[PDB]
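**Q** I'd like to ask you about the structure that follows.
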Amino acid sequence: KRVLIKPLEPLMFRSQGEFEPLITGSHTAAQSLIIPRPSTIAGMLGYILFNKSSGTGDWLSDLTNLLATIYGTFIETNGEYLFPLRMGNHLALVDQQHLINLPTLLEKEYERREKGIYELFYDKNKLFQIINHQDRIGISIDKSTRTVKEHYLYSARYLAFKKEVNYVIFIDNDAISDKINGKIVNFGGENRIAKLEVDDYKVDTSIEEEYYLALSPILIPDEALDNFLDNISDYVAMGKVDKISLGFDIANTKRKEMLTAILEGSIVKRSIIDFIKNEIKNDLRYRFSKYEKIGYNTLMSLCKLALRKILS
Amino acid sequence: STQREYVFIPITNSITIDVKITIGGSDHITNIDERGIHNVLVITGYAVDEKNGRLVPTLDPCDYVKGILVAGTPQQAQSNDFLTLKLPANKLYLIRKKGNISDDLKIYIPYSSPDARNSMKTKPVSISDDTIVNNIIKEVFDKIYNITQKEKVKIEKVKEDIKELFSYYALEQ
Amino acid sequence: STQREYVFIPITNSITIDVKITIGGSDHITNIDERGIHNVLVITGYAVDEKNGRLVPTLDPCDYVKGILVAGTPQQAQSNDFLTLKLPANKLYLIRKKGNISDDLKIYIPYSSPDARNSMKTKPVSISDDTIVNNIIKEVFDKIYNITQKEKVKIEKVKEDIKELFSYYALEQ
Amino acid sequence: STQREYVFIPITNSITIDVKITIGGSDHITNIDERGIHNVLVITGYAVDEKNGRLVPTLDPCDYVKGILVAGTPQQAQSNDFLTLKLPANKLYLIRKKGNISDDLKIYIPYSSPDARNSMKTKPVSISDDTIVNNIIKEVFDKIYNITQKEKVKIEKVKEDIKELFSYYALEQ
Amino acid sequence: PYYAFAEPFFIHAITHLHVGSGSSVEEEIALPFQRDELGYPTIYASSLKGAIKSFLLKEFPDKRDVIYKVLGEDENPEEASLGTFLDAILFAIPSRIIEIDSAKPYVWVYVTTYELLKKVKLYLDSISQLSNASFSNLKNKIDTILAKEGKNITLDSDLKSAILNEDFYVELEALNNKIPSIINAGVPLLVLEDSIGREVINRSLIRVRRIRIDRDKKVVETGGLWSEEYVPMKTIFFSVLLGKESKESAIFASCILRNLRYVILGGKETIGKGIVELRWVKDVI
Amino acid sequence: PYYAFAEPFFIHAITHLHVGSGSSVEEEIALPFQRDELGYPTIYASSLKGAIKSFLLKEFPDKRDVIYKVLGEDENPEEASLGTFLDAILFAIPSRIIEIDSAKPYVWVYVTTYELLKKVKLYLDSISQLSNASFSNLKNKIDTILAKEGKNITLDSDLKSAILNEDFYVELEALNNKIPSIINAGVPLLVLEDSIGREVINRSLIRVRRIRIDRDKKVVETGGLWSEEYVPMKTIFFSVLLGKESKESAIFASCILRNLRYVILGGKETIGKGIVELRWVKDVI
């Protein structure tokens, strides 16, 4: 039901020039997303269950034919459950104790809510107590000159963990949660390893609520983009929306797609669900059901741990 | 049936005489097992009256009161002003859930008057001066959690969660 | 000089009558000094056919077998089918190299027939069911090493290692 | 079913008359398709015996022989010293694979006895002396594979690639 | 699974080591070592794998294809790699000792901390599943030691007290049991607690000021003065080489891995900094 | 053959040599010698290389292209050097002696410890495994010594008791008086145990208070008082010169090294410090 992914070492999920809250000592040609986009966890699971029955497909039909509905993804220290929280180019990790009473902060007085925001992202934000952003420089060496091979100097910012951290995702059909338990895998990045460990931890799976939290990027069809980016206040209360590339398909070695989304950790209003459902009602809807199947459109109740997809 | 009793945890010595049933049955939902306190319930929209601190009703949700859940019925000297109700395992928000609940529970809450004679201008409480922590681990976690100084030698941990996990808004009035 | 005798270590009891020499000289490659069996050799690409399973040679590198290299000429009624040979002592796949080798040695191997009449679908075989091991301590380790049940007080050590140090692949057909 | 007989590719002229069948069936695994050679069967633990060229099974996992795979019955003077075996086409270590294999093949391997009279200090030998490459092409890549010099004009390529692709270990006795 | 076999191994610094990284944090060092996340030295899996590949591509030149397959290709990334090193975790550094109140006198001992032992645990745990050769004895040693977390414990009897690196005094609570030697060095092994183990280790790193001299007048050249940090001799790192079954990983462990034992890691090979010995922990315990 | 040629060589100090890492804070000696990772003195191969190189560049001005190929260009780097130096291990240090009973009475003697010989054995083993050069006889003469550890043995004499550095009474033990001498000198070699060997060696160094006097009034310049630290004459270090296969390296090892006896290591050369004879191991042993 619930899957634990503990990184066995620092690991990197490449990101295109997206994170600039951190006062970097030196530069680096590639940052690392804090929480792996659901494309990465999807593909990581698909890698284990891959056969030659694949055939043709837009990397996702074939992918969706392998697994259940992945729900979302969030941090997990010893006992604690950390959750992503973003206010616009400003990310944070916080526990449930501070999600439960956000709406008031999001609607309270000017200076009271400024205080609340400040102490959220600075004081109670447990990010820097978990994640250290170590930079690695890499080079290659021509066996002839036995010196650096010219033009080959890459710099990557890895994600180093100060304490035992897992990634918590929920799936179904334990018919696969058997062939997946206790398996180390090249969890997304340049040849990094993480361990899978599935347990049994039942959670709620449906709830209606005023405010929700986006544990995974909510994808925008771009037919709504025009008629959505004008009234954000109706849908999102706090977070960040921007173009993201889905990933990189291994089938035919190409960048996957691109579409505006709401990044992992973002306070959306219940006016989201009706919007998305009552905006796309055709082949678009089937495409986005394929999307959400691999953990894309996910909310989480700010009060108790309960998830829900959008189009289902 | 089934009954628990939430005991508020302020910085005040309002913990000595509010309990009579120290164990009663067999089961506590909160457990300090080699990782600190767990399964901690937080209540939003309430308050304190630290002069004989009992839970005061408010309407701000940012006000929180964190404490421990134990089993029983308090003192047989209540049920006239104490908030009594039954909530079956899901209308509670626990911190560090370790076990599960069997969907049946009546809750007893130390409740006081709405106090409509002075504004409840409220401010949190930071758990400092570990002397009070030294006394509060004994006052409740030794008169209910008698297993203290029987299995837990790592008292250095059972106090840090009291420095970091527990707080509440105080009315100071 | 000296001549060594390598025996396979299956889970099957095809081992009781395959050798004649317990010591012959005074030494063996595989030693046991209060730390387990060491200098064990692993034969790659060869498999067993346990019903008179000998070193059946496959062409798969992952296929292998593990065995004990002691000195000996088997029963002086064979070698019409054995891999009698002389290696320069380094081309071996020795595990737990504690002792150093004398640059040359003559070896006898129980070698089986190719038997080209069916698929050789091998299977990884692990030596479990310690009963079949507690006897192999007696069936091969006591019929050879008299120091056994003379010096070894940590029998659990020489018992736990064989389960995990020794493993092989078999046709099982 | 289909039977193949692996033939090694050394630098020496032990290659002319060793097999009775050139085609026999209608296909062979080793293909030469405008990119070089494919599906080269590599066998470890065996050594080359250039004088009467055959593959002596050694006990070193570092001794490998690299030759092409062709279907045929040996010279109708063999099955005495040819390692007749049947493998399911997935236990073969193939190099630069292009296509799939028939999921089972009966294989014939030129074998020599261990010759327990001289230590097997096997030594590596590569394919050099380009005219040796040429005359072997005239002995194998034209005799068993008439495909060359028929549609092939890219002979320099299938020369420079075999200049690296094939090697082995020889007994050097 | 696509990870069939594992291969833990220790990395014994024969000479000093320098696995560098550009001047980053410079606690008055111009060429620091590779930190872990906490501050301990470690060898990135990138450097480790690259150096091991470069070494094998010479001492086994004929098998260039097997090395290519198991450790990735150079210009043909049509196929991924089938082996993968984990970041080499620091396991035990040497340290000079002035042992007060002890029987067998020592001049140097090994030193680790519970943080490093937890990082080693993580590896050994996450590996034992596939590892048909379960290192139950070694992992049992490591999780027995970790029971005493919070005390300056020694994996011997006769220390009871010492002065490590001529600056830090420790009262070594012994081991209330007997534990076999993790390695074949008769030298003891102290497992200090943290924040005191950070000092004894931080002080056991050879920081060196270096210069460049004008070839013609035996005088320093301007701007030619920097500092470097080496990892001392006899230091021990820990790592695992993972792998997915390929029928050439079989030969890569049959011929290659069991054969090689010395490798050149890190930079400054001309200064003789980087000869290191690889000990596979499957033949020893 | 990662290294074509491998040349272990001893470093006999002809004068007091001072290769000194300019100290840190806690300058108990203002200018100390270069300390090993376990406290002993050593010559970091960086300075060893830059001293042997700046020398050869003068002595052989016609082969300034061979040198540059093996010891690396300096005016503009375009590739790596093919020659490496290993850090110089202290092999034996002189110590003044007061022998209680002895046939022929001595005044000084060579003192080594067991950790130093273990390091030398590590060097020899790694070098034998990285190259063709096997040093059978030296490895034998060293590990026959190491067979007797924990005892202050003496190599080629009958002493049984002495007072090294007039401060440390030592009770000796005869190995064989049959084992050939590693050094070639009538002076005995003592292999102390490192408990005592450490402070014996530490006493055998040379602290020297120096000053700077005003030429005007013949009185000490203010602030001009400090303390250096030399290693005495006759002390013997040990390093290896390694080389990767080439043709410039063949000339280097066959012409340059065969005429290399006296070099000037270290600093403070204007005063007597620095001169060094370096003897080649395979040459003498």
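Here, A, B, ... name the chains of the structure tokens in the order displayed, residue numbers run from 1 inside each chain, and ligands are numbered from 1 in the same displayed order.
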Give me the chain C side of the contact with chain E, cut-off 12 Å, one line per residue showing its nearest atom pair and distance in Å at one decimal, counting only C-alpha atoms, sorted by chain and residue number, as a Markdown table.
**A**
```
| residue | atom | partner | partner_atom | distance |
| --- | --- | --- | --- | --- |
| C:34 | CA | E:180 | CA | 11.5 |
| C:35 | CA | E:285 | CA | 8.6 |
| C:36 | CA | E:285 | CA | 9.2 |
| C:37 | CA | E:283 | CA | 10.2 |
| C:38 | CA | E:283 | CA | 8.0 |
| C:39 | CA | E:283 | CA | 8.7 |
| C:40 | CA | E:283 | CA | 9.5 |
| C:41 | CA | E:283 | CA | 11.5 |
| C:42 | CA | E:254 | CA | 9.4 |
| C:43 | CA | E:254 | CA | 9.9 |
| C:44 | CA | E:254 | CA | 8.0 |
| C:45 | CA | E:250 | CA | 10.1 |
| C:59 | CA | E:247 | CA | 10.7 |
| C:60 | CA | E:247 | CA | 7.4 |
| C:61 | CA | E:250 | CA | 5.9 |
| C:62 | CA | E:250 | CA | 5.3 |
| C:63 | CA | E:250 | CA | 8.8 |
| C:64 | CA | E:250 | CA | 9.9 |
| C:90 | CA | E:259 | CA | 9.9 |
| C:91 | CA | E:255 | CA | 9.4 |
| C:92 | CA | E:255 | CA | 9.9 |
| C:93 | CA | E:254 | CA | 7.4 |
| C:94 | CA | E:258 | CA | 8.8 |
| C:95 | CA | E:283 | CA | 5.9 |
| C:96 | CA | E:283 | CA | 4.0 |
| C:97 | CA | E:283 | CA | 7.1 |
| C:98 | CA | E:283 | CA | 8.9 |
| C:124 | CA | E:132 | CA | 11.0 |
| C:125 | CA | E:132 | CA | 11.1 |
| C:126 | CA | E:132 | CA | 8.9 |
| C:127 | CA | E:132 | CA | 11.1 |
| C:128 | CA | E:132 | CA | 11.9 |
| C:157 | CA | E:137 | CA | 10.0 |
| C:160 | CA | E:136 | CA | 9.7 |
| C:161 | CA | E:133 | CA | 8.8 |
| C:162 | CA | E:133 | CA | 9.9 |
| C:163 | CA | E:133 | CA | 8.6 |
| C:164 | CA | E:133 | CA | 4.8 |
| C:165 | CA | E:133 | CA | 6.0 |
| C:166 | CA | E:133 | CA | 8.6 |
| C:167 | CA | E:132 | CA | 8.7 |
| C:168 | CA | E:132 | CA | 11.2 |
```
**Q** Any chance you could list, as JSON, numbers by chain, the residues in stretch 39-153 of chain B that come up strand (DSSP E or B) when DSSP is run on the backbone?
**A** {"B": [40, 41, 42, 43, 44, 46, 47, 55, 56, 57, 64, 65, 66, 67, 68, 69, 70, 71, 83, 84, 85, 86, 94, 95, 106, 107, 108, 109, 111, 123, 124, 148, 152]}
**Q** Keeping only N, CA and C atoms, write the selected residues to a file as an mmCIF file, in the first residue's frame.
**A**
```
data_model
loop_
_atom_site.group_PDB
_atom_site.id
_atom_site.type_symbol
_atom_site.label_atom_id
_atom_site.label_comp_id
_atom_site.auth_asym_id
_atom_site.auth_seq_id
_atom_site.Cartn_x
_atom_site.Cartn_y
_atom_site.Cartn_z
ATOM 1 N N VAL B 40 0.365 12.047 19.889
ATOM 2 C CA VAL B 40 0.013 13.225 20.676
ATOM 3 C C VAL B 40 -1.158 13.949 20.026
ATOM 4 N N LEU B 41 -2.207 14.205 20.806
ATOM 5 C CA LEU B 41 -3.372 14.917 20.296
ATOM 6 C C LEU B 41 -3.218 16.423 20.476
ATOM 7 N N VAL B 42 -3.563 17.168 19.431
ATOM 8 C CA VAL B 42 -3.604 18.624 19.464
ATOM 9 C C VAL B 42 -5.042 19.065 19.239
ATOM 10 N N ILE B 43 -5.471 20.077 19.988
ATOM 11 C CA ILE B 43 -6.822 20.615 19.887
ATOM 12 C C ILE B 43 -6.713 22.069 19.458
ATOM 13 N N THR B 44 -7.421 22.426 18.393
ATOM 14 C CA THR B 44 -7.404 23.784 17.876
ATOM 15 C C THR B 44 -8.659 24.528 18.311
ATOM 16 N N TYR B 46 -9.138 26.206 21.097
ATOM 17 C CA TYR B 46 -9.374 26.180 22.533
ATOM 18 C C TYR B 46 -8.374 27.104 23.225
ATOM 19 N N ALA B 47 -8.358 27.061 24.556
ATOM 20 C CA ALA B 47 -7.453 27.905 25.322
ATOM 21 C C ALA B 47 -7.227 27.303 26.702
ATOM 22 N N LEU B 55 -9.782 24.117 29.965
ATOM 23 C CA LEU B 55 -9.831 24.497 28.557
ATOM 24 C C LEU B 55 -10.945 25.504 28.310
ATOM 25 N N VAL B 56 -10.579 26.643 27.733
ATOM 26 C CA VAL B 56 -11.497 27.746 27.466
ATOM 27 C C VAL B 56 -11.866 27.716 25.988
ATOM 28 N N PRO B 57 -13.122 27.984 25.624
ATOM 29 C CA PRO B 57 -13.503 27.980 24.203
ATOM 30 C C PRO B 57 -13.121 29.293 23.536
ATOM 31 N N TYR B 64 -3.577 26.441 19.654
ATOM 32 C CA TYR B 64 -3.428 24.999 19.776
ATOM 33 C C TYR B 64 -3.082 24.650 21.214
ATOM 34 N N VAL B 65 -3.484 23.452 21.634
ATOM 35 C CA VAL B 65 -3.130 22.913 22.942
ATOM 36 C C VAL B 65 -2.735 21.448 22.761
ATOM 37 N N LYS B 66 -1.476 21.136 23.053
ATOM 38 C CA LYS B 66 -0.915 19.807 22.855
ATOM 39 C C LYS B 66 -0.792 19.080 24.189
ATOM 40 N N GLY B 67 -1.176 17.803 24.209
ATOM 41 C CA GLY B 67 -1.067 17.032 25.434
ATOM 42 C C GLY B 67 -1.179 15.542 25.179
ATOM 43 N N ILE B 68 -1.318 14.789 26.271
ATOM 44 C CA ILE B 68 -1.283 13.327 26.241
ATOM 45 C C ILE B 68 -2.692 12.771 26.435
ATOM 46 N N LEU B 69 -2.926 11.588 25.870
ATOM 47 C CA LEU B 69 -4.188 10.868 26.002
ATOM 48 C C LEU B 69 -3.983 9.619 26.848
ATOM 49 N N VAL B 70 -4.757 9.504 27.931
ATOM 50 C CA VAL B 70 -4.747 8.339 28.805
ATOM 51 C C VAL B 70 -6.186 7.879 28.988
ATOM 52 N N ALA B 71 -6.341 6.680 29.547
ATOM 53 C CA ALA B 71 -7.650 6.050 29.684
ATOM 54 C C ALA B 71 -8.257 6.309 31.055
ATOM 55 N N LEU B 83 -16.073 18.990 29.268
ATOM 56 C CA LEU B 83 -16.563 18.724 27.916
ATOM 57 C C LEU B 83 -16.485 17.224 27.662
ATOM 58 N N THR B 84 -17.639 16.569 27.715
ATOM 59 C CA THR B 84 -17.730 15.136 27.479
ATOM 60 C C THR B 84 -18.276 14.859 26.087
ATOM 61 N N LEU B 85 -17.641 13.928 25.378
ATOM 62 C CA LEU B 85 -18.126 13.511 24.068
ATOM 63 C C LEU B 85 -17.474 12.186 23.697
ATOM 64 N N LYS B 86 -17.995 11.573 22.637
ATOM 65 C CA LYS B 86 -17.475 10.333 22.082
ATOM 66 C C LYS B 86 -17.103 10.562 20.625
ATOM 67 N N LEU B 94 -3.700 13.177 15.834
ATOM 68 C CA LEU B 94 -2.587 12.756 16.669
ATOM 69 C C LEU B 94 -1.252 13.142 16.042
ATOM 70 N N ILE B 95 -0.253 13.344 16.898
ATOM 71 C CA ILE B 95 1.115 13.638 16.484
ATOM 72 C C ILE B 95 1.968 12.401 16.724
ATOM 73 N N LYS B 106 -15.019 7.304 23.868
ATOM 74 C CA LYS B 106 -15.563 8.495 24.502
ATOM 75 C C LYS B 106 -14.413 9.304 25.089
ATOM 76 N N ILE B 107 -14.475 10.627 24.942
ATOM 77 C CA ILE B 107 -13.425 11.520 25.419
ATOM 78 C C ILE B 107 -13.975 12.427 26.512
ATOM 79 N N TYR B 108 -13.177 12.616 27.559
ATOM 80 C CA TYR B 108 -13.453 13.575 28.616
ATOM 81 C C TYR B 108 -12.466 14.731 28.522
ATOM 82 N N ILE B 109 -12.990 15.952 28.556
ATOM 83 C CA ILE B 109 -12.169 17.149 28.389
ATOM 84 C C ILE B 109 -12.357 18.064 29.592
ATOM 85 N N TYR B 111 -13.095 21.217 30.898
ATOM 86 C CA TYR B 111 -13.671 22.382 30.249
ATOM 87 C C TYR B 111 -14.108 23.397 31.293
ATOM 88 N N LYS B 123 -1.351 34.162 23.880
ATOM 89 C CA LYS B 123 0.047 34.116 23.464
ATOM 90 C C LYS B 123 0.607 32.734 23.767
ATOM 91 N N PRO B 124 1.422 32.165 22.876
ATOM 92 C CA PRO B 124 1.913 30.797 23.084
ATOM 93 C C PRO B 124 2.798 30.659 24.314
ATOM 94 N N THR B 148 8.065 4.818 33.809
ATOM 95 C CA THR B 148 9.224 5.697 33.865
ATOM 96 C C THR B 148 10.142 5.278 35.007
ATOM 97 N N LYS B 152 12.678 3.036 30.824
ATOM 98 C CA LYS B 152 13.289 4.151 30.102
ATOM 99 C C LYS B 152 14.442 4.723 30.924
#
```
**Q** DSSP on the backbone: which residues in stretch 39-100 of chain F end up as helix (DSSP H, G or I)? Give the answer as a ChimeraX atom specification.
**A** /F:45-59,64-70
**Q** Please save N, CA and C atoms of the selected residues as a PDB file, in the first residue's frame.
**A**
```pdb
ATOM      1  N   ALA F  45      56.558  13.921  -0.413  1.00  0.00           N
ATOM      2  CA  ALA F  45      57.068  13.709  -1.757  1.00  0.00           C
ATOM      3  C   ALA F  45      56.957  14.948  -2.622  1.00  0.00           C
ATOM      4  N   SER F  46      56.143  15.923  -2.235  1.00  0.00           N
ATOM      5  CA  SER F  46      56.101  17.166  -2.991  1.00  0.00           C
ATOM      6  C   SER F  46      57.445  17.869  -2.933  1.00  0.00           C
ATOM      7  N   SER F  47      57.978  18.046  -1.725  1.00  0.00           N
ATOM      8  CA  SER F  47      59.259  18.720  -1.572  1.00  0.00           C
ATOM      9  C   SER F  47      60.399  17.852  -2.073  1.00  0.00           C
ATOM     10  N   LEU F  48      60.316  16.548  -1.838  1.00  0.00           N
ATOM     11  CA  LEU F  48      61.296  15.629  -2.399  1.00  0.00           C
ATOM     12  C   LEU F  48      61.383  15.776  -3.910  1.00  0.00           C
ATOM     13  N   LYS F  49      60.233  15.862  -4.580  1.00  0.00           N
ATOM     14  CA  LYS F  49      60.227  15.984  -6.032  1.00  0.00           C
ATOM     15  C   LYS F  49      60.737  17.339  -6.475  1.00  0.00           C
ATOM     16  N   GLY F  50      60.286  18.404  -5.828  1.00  0.00           N
ATOM     17  CA  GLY F  50      60.743  19.711  -6.235  1.00  0.00           C
ATOM     18  C   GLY F  50      62.184  19.994  -5.909  1.00  0.00           C
ATOM     19  N   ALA F  51      62.798  19.184  -5.055  1.00  0.00           N
ATOM     20  CA  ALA F  51      64.213  19.332  -4.760  1.00  0.00           C
ATOM     21  C   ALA F  51      65.071  18.475  -5.670  1.00  0.00           C
ATOM     22  N   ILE F  52      64.625  17.260  -5.979  1.00  0.00           N
ATOM     23  CA  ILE F  52      65.366  16.451  -6.932  1.00  0.00           C
ATOM     24  C   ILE F  52      65.231  17.019  -8.336  1.00  0.00           C
ATOM     25  N   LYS F  53      64.122  17.686  -8.635  1.00  0.00           N
ATOM     26  CA  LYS F  53      63.918  18.211  -9.976  1.00  0.00           C
ATOM     27  C   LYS F  53      64.737  19.467 -10.213  1.00  0.00           C
ATOM     28  N   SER F  54      64.637  20.444  -9.314  1.00  0.00           N
ATOM     29  CA  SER F  54      65.415  21.664  -9.474  1.00  0.00           C
ATOM     30  C   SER F  54      66.902  21.372  -9.514  1.00  0.00           C
ATOM     31  N   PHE F  55      67.317  20.256  -8.925  1.00  0.00           N
ATOM     32  CA  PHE F  55      68.708  19.836  -8.999  1.00  0.00           C
ATOM     33  C   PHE F  55      69.043  19.318 -10.385  1.00  0.00           C
ATOM     34  N   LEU F  56      68.325  18.287 -10.829  1.00  0.00           N
ATOM     35  CA  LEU F  56      68.601  17.670 -12.120  1.00  0.00           C
ATOM     36  C   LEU F  56      68.572  18.684 -13.249  1.00  0.00           C
ATOM     37  N   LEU F  57      67.708  19.689 -13.144  1.00  0.00           N
ATOM     38  CA  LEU F  57      67.622  20.692 -14.195  1.00  0.00           C
ATOM     39  C   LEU F  57      68.939  21.432 -14.359  1.00  0.00           C
ATOM     40  N   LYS F  58      69.744  21.492 -13.301  1.00  0.00           N
ATOM     41  CA  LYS F  58      71.052  22.121 -13.411  1.00  0.00           C
ATOM     42  C   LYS F  58      72.106  21.116 -13.844  1.00  0.00           C
ATOM     43  N   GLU F  59      72.170  19.978 -13.159  1.00  0.00           N
ATOM     44  CA  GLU F  59      73.246  19.023 -13.389  1.00  0.00           C
ATOM     45  C   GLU F  59      73.291  18.560 -14.834  1.00  0.00           C
ATOM     46  N   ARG F  64      67.320  18.559 -20.292  1.00  0.00           N
ATOM     47  CA  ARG F  64      66.198  19.316 -19.764  1.00  0.00           C
ATOM     48  C   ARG F  64      64.890  19.008 -20.474  1.00  0.00           C
ATOM     49  N   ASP F  65      64.912  18.186 -21.517  1.00  0.00           N
ATOM     50  CA  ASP F  65      63.694  17.701 -22.145  1.00  0.00           C
ATOM     51  C   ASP F  65      63.291  16.327 -21.651  1.00  0.00           C
ATOM     52  N   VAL F  66      64.257  15.476 -21.319  1.00  0.00           N
ATOM     53  CA  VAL F  66      63.925  14.204 -20.692  1.00  0.00           C
ATOM     54  C   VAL F  66      63.347  14.445 -19.311  1.00  0.00           C
ATOM     55  N   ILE F  67      64.027  15.266 -18.514  1.00  0.00           N
ATOM     56  CA  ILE F  67      63.555  15.579 -17.170  1.00  0.00           C
ATOM     57  C   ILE F  67      62.125  16.077 -17.221  1.00  0.00           C
ATOM     58  N   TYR F  68      61.875  17.082 -18.056  1.00  0.00           N
ATOM     59  CA  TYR F  68      60.539  17.646 -18.160  1.00  0.00           C
ATOM     60  C   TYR F  68      59.505  16.598 -18.524  1.00  0.00           C
ATOM     61  N   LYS F  69      59.895  15.561 -19.253  1.00  0.00           N
ATOM     62  CA  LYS F  69      58.903  14.561 -19.608  1.00  0.00           C
ATOM     63  C   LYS F  69      58.585  13.654 -18.434  1.00  0.00           C
ATOM     64  N   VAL F  70      59.565  13.380 -17.580  1.00  0.00           N
ATOM     65  CA  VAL F  70      59.368  12.414 -16.512  1.00  0.00           C
ATOM     66  C   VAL F  70      58.947  13.137 -15.245  1.00  0.00           C
TER      67      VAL F  70
END
```
**Q** Between atom CA of residue B:26 and atom CA of residue B:136, measure the distance and give it in Å to one decimal.
**A**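 Computing it gives 22.9 Å between the two atoms.
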**Q** Tell me, as a list in words, which residues lie within 12 Å of residue A:233, counting only C-alpha atoms; anything in the same chain fewer than 6 positions away does not count.
**A**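 Counting only C-alpha atoms, the residues come to residues 106, 107, 239, 267, 268, 269, 270, 271 and 272 of chain A.
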**Q** Enumerate as a ChimeraX atom specification the residues belonging to chain E that approach chain F to within 6 Å, with only C-alpha atoms taken into account.
**A** /E:96,105,232,270-272
**Q** All C-alpha atoms, paired in order, least-squares superposition of chain F on chain E: what RMSD does that give?
**A**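 Fitting chain F to chain E over paired C-alpha atoms yields 1.2 Å.
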**Q** Kindly provide the residues of chain A that approach chain B to within 10 Å, each paired with its closest atom pair and their distance in Å to one decimal, based on only C-alpha atoms, listed by chain and increasing number, as a tab-separated table.
**A**
```
residue	atom	partner	partner_atom	distance
A:78	CA	B:35	CA	8.4
A:79	CA	B:96	CA	5.9
A:80	CA	B:96	CA	6.2
A:81	CA	B:96	CA	8.4
A:95	CA	B:95	CA	9.5
A:96	CA	B:95	CA	8.0
A:97	CA	B:95	CA	7.5
A:98	CA	B:62	CA	9.1
A:100	CA	B:62	CA	8.6
A:101	CA	B:62	CA	5.6
A:102	CA	B:62	CA	8.0
A:103	CA	B:61	CA	9.1
A:104	CA	B:61	CA	7.1
A:105	CA	B:62	CA	8.0
A:116	CA	B:62	CA	9.8
A:201	CA	B:100	CA	9.7
A:202	CA	B:100	CA	9.8
A:303	CA	B:93	CA	7.7
A:304	CA	B:93	CA	6.7
A:305	CA	B:93	CA	9.3
```
